[PDB]
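A.B. asks: Before I ask anything, here's the sequence and the deposited coordinates:
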Amino acid sequence: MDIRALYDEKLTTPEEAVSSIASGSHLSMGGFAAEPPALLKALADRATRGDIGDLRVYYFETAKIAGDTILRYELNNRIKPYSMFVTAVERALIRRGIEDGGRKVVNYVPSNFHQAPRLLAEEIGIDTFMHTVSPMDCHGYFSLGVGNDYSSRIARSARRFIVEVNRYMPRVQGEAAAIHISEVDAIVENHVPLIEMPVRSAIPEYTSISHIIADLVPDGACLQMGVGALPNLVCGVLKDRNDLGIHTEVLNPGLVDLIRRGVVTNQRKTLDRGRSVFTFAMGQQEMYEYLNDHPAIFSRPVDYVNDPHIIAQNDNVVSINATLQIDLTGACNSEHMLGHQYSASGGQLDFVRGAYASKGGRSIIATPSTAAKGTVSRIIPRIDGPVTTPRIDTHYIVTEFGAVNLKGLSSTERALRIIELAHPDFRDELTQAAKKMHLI
Ligand SMILES: CC(C)(COP(=O)(O)OP(=O)(O)OC[C@H]1O[C@@H](n2cnc3c(N)ncnc32)[C@H](O)[C@@H]1OP(=O)(O)O)[C@@H](O)C(=O)NCCC(=O)NCCS
């Protein structure tokens, strides 16, 4: 009844809020802009004072917030990063580790993102969860804002849930996105602007790639755009379409632009008809402001959003994901390069599967054919590293040189067609490699 009393009972300082987290326990937190900076600074301070140890932190899509606080190299003996999505922050720590006498200082947890709630709650176990939230309303509810992902699950399965109120966090509607005061164990307040995703510049290959993708996007398509420079930028070629839908893992500025233009109506979707579905959002200040109180954008947990069976219920799904390497069988490595983990599988394989199962659906893995100012081919004979998308799941591949649909093709047909999507400079090498491997 008296929510203002409950609020005041639970309101405290960051120092006090983090002071009873146990050593030897498991902590998790929201992704990117949902990482709570005051709480994380106070947690890092505990580690600096030698007052906590053996604390595993399980998390994804790192921001400067955590990079500057609990993930500082000097604390890694006490706060152990268990990243589910490697970023520049972790890649820096890794390099520093190897410089520091070949030390290993970051842990990586492979996963399908649709399984992340189950992994965190049941396989791993999370004792404490921390997340930035929008302010409590007059009915006693906060919102997870840009986050839903696994947060909406782990906030409830965790034994303690600590929130950081920030009036800059948009109030977002969604499944389990609203948090009642009775579900929170402690509150701190810290009003600061959200962290922004950097804007990536286009490269010339995107003109051809975007035109090939545009021809593959049917009427009434239901869009998902993966993380990376390319998907967010490519979907701008769809500004002339109508009645598109959104069912995506990440909501990015490119998709929101299509909403703002009136391209996306969601009227052809079977599930969530009339609303754009996402599990978490990353962008700049303009996007975050636009999400606040939006009645046609609706977050849902990742065990719903990334479930292939759910994705498939909408007709004409179009999934556009990026990769680093494609081999001559159509297997893709989207997460590992130059000897180290670079990112993660994430929800890539979730959406490759879901999109093919959608009636009229298409999964696209798209990439420039080369890297390193044209000196390296992204089409290679054989992946030396982990496979993100196995050859039996890959549907379409697109480069600036065209498209191939791998489903039902023999190994010979796959290799010959993939070779013709490589840059001309590499096709003879690849053909000879295919012969040696007996693909052709
Ligand atoms: C594949 C993925 C890493 C691409 O992200 P990205 O930031 O767009 O990567 P880029 O293509 O720009 O490549 C990054 C750098 O590595 C280089 N590079 C890319 N592929 C390379 C390769 N095979 N060999 C050597 N260098 C390569 C690039 O030249 C680039 O260099 P730069 O720093 O000068 O720009 C990203 O999409 C990802 O993490 N995917 C997995 C998760 C996923 O698909 N989720 C879908 C649900 S959201």
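C.D. replies: Thanks, I have it. Residues are numbered from 1 along each chain as shown.

A.B. asks: is the residue lying closest to residue 185 once chain neighbours are set aside in a bridge, and if so with what?
C.D. replies: Closest residue in space to residue 185, ignoring its immediate chain neighbours: residue 160 at 4.6 Å, by CB to CB, 6 or more residues apart in numbering. No exception for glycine: its C-beta is placed from N, CA and C like everyone else's. Residues in a beta bridge with residue 160, per DSSP bridges, are residue 128.

A.B. asks: neighbours around residue 160, how many?
C.D. replies: 18 (other CB atoms under 10 Å).

A.B. asks: now the one 3 residues further on
C.D. replies: Here the neighbour count serves as a burial measure; for residue 163 (other CB under 10 Å) it reads 28.

A.B. asks: Is it in a helix, a strand, or coil?
C.D. replies: strand (DSSP: H, G, I helix; E, B strand; the rest coil).

A.B. asks: With residue 117 instead?
C.D. replies: Put simply, residue 117 is helix when judged by three-state DSSP.

A.B. asks: Just give the number of residues close to the nearest residue to it once chain neighbours are set aside.
C.D. replies: In space, and not counting its chain neighbours, residue 117 is closest to residue 153: 3.9 Å by CB to CB, 6+ apart. Here the count is done by other CB under 10 Å, and residue 153 has 21 residues near it.

A.B. asks: ditto for the one 3 residues further on
C.D. replies: Here the count is done by other CB under 10 Å, and residue 156 has 14 residues near it.

A.B. asks: ok, now which ones touch the closest residue to it other than its chain neighbours?
C.D. replies: Closest residue to residue 156 in three dimensions, ignoring its sequence neighbours and counting by CB to CB, 6+ apart: residue 183, at 6.7 Å. The contact partners of residue 183, by CB atoms under 8 Å, 6 or more residues apart in numbering, come to 155-156, 161.

A.B. asks: Output the residue of the stretch 1-150 of the chain whose distance to the ligand is smallest.
C.D. replies: Residue nearest to the ligand within the stretch 1-150 of the chain (CB to the nearest ligand atom): residue 113, separated by 7.1 Å.

A.B. asks: From what I see, that residue and residue 351 are in contact.
C.D. replies: No: using CB atoms under 8 Å, residue 113 makes no contact with residue 351, being 9.4 Å away.

A.B. asks: Which one's more surrounded, those two?
C.D. replies: residue 351 (31 against 27).

A.B. asks: Between the contacts of residue 183, which sits nearest residue 296?
C.D. replies: Set against residue 296, the nearest of the contacts of residue 183 by CB to CB is residue 155 (24.6 Å).

A.B. asks: Please report phi then psi for the closest one.
C.D. replies: Note on residue 155: its backbone torsions stand at phi -50, psi -30 [degrees, to the nearest 10].

A.B. asks: Equivalent analysis for the one 3 residues further on, please.
C.D. replies: The main-chain torsion angles of residue 158 are listed as degrees, to the nearest 10 and equal phi -60, psi 150.

A.B. asks: do the same with residue 189
C.D. replies: Torsion angles, degrees, to the nearest 10, at residue 189: phi -120, psi 130.

A.B. asks: and the closest residue to residue 50 other than its chain neighbours, how many neighbours does it have?
C.D. replies: Spatial nearest neighbour of residue 50, excluding adjacent residues (CB to CB, 6+ apart): residue 78 at 7.5 Å. Per other CB under 10 Å, the neighbour tally for residue 78 reads 18.

A.B. asks: For residue 78, which residues are in contact?
C.D. replies: Residue 78 touches 47, 50, 52-55, counting by CB under 8 Å, 6+ apart.

A.B. asks: repeat that with 10 Å
C.D. replies: Residues in contact with residue 78 (CB atoms under 10 Å, 6 or more residues apart in numbering) are 23, 44, 46-48, 50-55, 70.

A.B. asks: ok, and the most crowded of those residues?
C.D. replies: residue 70 (27 neighbours).

A.B. asks: wait, is that residue part of a helix?
C.D. replies: No: residue state for residue 70 (three-state DSSP) corresponds to coil; a helix is not indicated.

A.B. asks: and the gap between it and residue 93?
C.D. replies: 12 Å (CB to CB, to the nearest Å).

A.B. asks: Show me which residues of the stretch 101-250 of the chain sit near the ligand.
C.D. replies: Applying CB under 6 Å from any ligand atom, we find that the stretch 101-250 of the chain lies next to the ligand at 226-230, 249-250.

A.B. asks: quick check, nearest of the residues you listed to residue 330?
C.D. replies: For these, the nearest to residue 330 is residue 226 (17.2 Å; CB to CB).

A.B. asks: The closest one is in contact with residue 255, isn't it?
C.D. replies: No: counting by CB atoms under 10 Å, residue 226 does not reach residue 255; the two are 11.3 Å apart.

A.B. asks: where do the contact lists of these two overlap?
C.D. replies: 232, 248.

A.B. asks: Of those two, give the one with the bigger neighbour count.
C.D. replies: Between residue 226 and residue 255, residue 255 has the larger neighbour count (other CB under 10 Å), namely 29 against 25.

A.B. asks: so the more buried one, which of the three states?
C.D. replies: Assignment for residue 255 (three-state DSSP): helix.

A.B. asks: The ligand versus that one, what's the distance?
C.D. replies: Remark: distance between residue 255 and the ligand (CB to the nearest ligand atom, to the nearest Å) = 11 Å.

A.B. asks: Would you map the strands across the stretch 251-400 of the chain?
C.D. replies: Secondary structure of the stretch 251-400 of the chain by DSSP state E, counting those that start in this stretch: the strands cover 276-278, 280-281, 297-299, 317-322, 325-327, 332-333, 336-337, 340-341, 362-366, 370-371, 376-377, 379-380, 396-399.

A.B. asks: most tightly surrounded among these?
C.D. replies: strand 280-281 (a mean of 29; mean count of other CB atoms under 10 Å).

A.B. asks: what helices or strands is that one leaning on?
C.D. replies: In this structure, strand 280-281 packs against strand 250-251, helix 253-261, helix 285-291, strand 297-299, with contacts taken as 3 or more CB pairs under 10 Å, 6 or more residues apart in numbering; DSSP states H and E.

A.B. asks: can you name the two of the residues of the stretch 101-250 of the chain next to the ligand that are farthest apart?
C.D. replies: 229 and 249 (16.4 Å).

A.B. asks: Tell me who's in contact with the residue of the stretch 1-150 of the chain closest to the ligand.
C.D. replies: Counting by CB under 10 Å, 6+ apart, residue 113 makes contact with 60, 84-85, 119, 149-150, 249, 279-280, 302-303, 305-306, 344-351.

A.B. asks: Please flag which of those sit within helices.
C.D. replies: Among those, DSSP state H puts 302-303, 305, 348-351 in helices.
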